[PDB]
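Working notes for the structure below.
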Amino acid sequence: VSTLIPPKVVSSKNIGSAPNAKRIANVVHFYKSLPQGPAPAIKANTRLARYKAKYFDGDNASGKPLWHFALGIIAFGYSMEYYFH
Amino acid sequence: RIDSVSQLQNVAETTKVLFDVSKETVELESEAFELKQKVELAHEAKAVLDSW
């Protein structure tokens with residue numbers, strides 16, 4: 001008998017629907033992320049950070065410092081051999 | 001979600017014309033209702049004068 005009006009009721013609609021939560025989630029997820037690996041600070045030196053940079057990053061990751069640390073125990077007690085026996 | 005956004009882009013601009021022109025085409029025919037009164041009285045007159 002009259003004009004019905006659901007073309008323009010998106011005003012208080014855009015809270016209730018389910019991907020609104022994902023939309024408001026990832027507009028918050030996307031702003032403070034650094035763009036392209038920026039602010040990396042790829043070099044730092046504290047007399048042993050170079051040891052981590054050469055040995056303990058994701059790139060090198062080989063067991064050799066263990067080997068070095070193995071030799072460290074080989075370096076340790078054998079000298080104590082020369083202190084004891 | 002970009003698609004469901006983009007469907008409703010120019011729609012309110014068109015339904016503020018839909019509304020007006022549709023209700024005008026609804027309610028400019030009570031003219032034809034008061035025309036129908038003039039129709040049916042003349043039809044009754046034609047019926048009784050045919051009986052004459």
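The numbers here are math on the coordinates, done by the rules we state, and not lab data. Neighbour counts run over all protein chains shown; Cβ positions are idealised from the backbone, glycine included.
Note on chain B: with charges restricted to the Cβ of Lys and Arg (+1) and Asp and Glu (-1), its dipole about the Cα centre is near 160 debye.
The value given for chain B is a Kirkwood hydrodynamic radius of 14.9 Å, derived from the mean inverse Cα-Cα separation. Segment A:1-60 and segment B:1-45 have Cα centres spaced 49 Å apart. Note on A:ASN20 and B:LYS16: the model spin-label points, each 7 Å out from Cα along the C-beta direction, lie 2.3 nm apart. On the basis of the beta-carbon distance and an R0 of 41 Å, B:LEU8 and A:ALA39 show a calculated FRET efficiency of 0.55. Phi angles across segment A:20-30 convert, under the Karplus curve 6.51 cos²θ - 1.76 cosθ + 1.60 with θ = phi - 60°, into 3J(HN,Hα) values of 5, 5, 5, 5, 6, 6, 8, 6, 7, 6, 9 Hz, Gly and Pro given as x. The helix-based estimate of mean residue ellipticity at 222 nm for chain B, built from -39,500 (n - 2.57) per DSSP H run of four or more residues and divided by its residue count, is -27500 deg cm²/dmol to the nearest 500.
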